[PDB]
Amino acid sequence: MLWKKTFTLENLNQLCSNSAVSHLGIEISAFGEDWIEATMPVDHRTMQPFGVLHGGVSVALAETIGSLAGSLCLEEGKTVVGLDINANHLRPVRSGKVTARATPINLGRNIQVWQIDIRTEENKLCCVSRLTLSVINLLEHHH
């Protein structure tokens, strides 16, 4: 099992409240031994001005679930900071909710690399992303 922190979906969702995450309707929704998922609605909150899911907001979803995932793979007292992200948009989404699944590509001492695949409710791949994170020690004095 990948995780080093103990958590529940309910506790994760509470932590994310009052932030860009809750503001965008994003919900941490499911997890397994080595992946975790978040969903997000396609509606006026998340669409670009022509009735489709805003591609930039898709990336917001990817960075959210990947950073969360990366932190859960570290012991208490450590967490991650997003360094960079890239993504390809593969198809437009007009309705329903999308689901982003984060899976680890490499978990280093200092650097983590995560894959995030975002799929429509029809299970079609609509976005693929790769995220690079830095591992930080929370007890270091300068923060």
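Each residue number is its position in the shown sequence, starting from 1.
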item	value
Comparing 127 to 135 with 7 to 15, the one whose average Cα B-factor in the PDB entry is higher	7 to 15
Comparing 28 to 36 with 113 to 121, the one whose average Cα B-factor in the PDB entry is higher	28 to 36
Residue with highest C-alpha B-factor in the PDB entry, from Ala69, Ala62, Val52, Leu83	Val52
Identity of residue with top Cα B-factor, from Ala102, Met47, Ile105, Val93	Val93
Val98 - which third its CA temperature factor falls in, relative to the rest of the chain	middle
B-factor third for the C-alpha atom of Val42 within its chain	highest
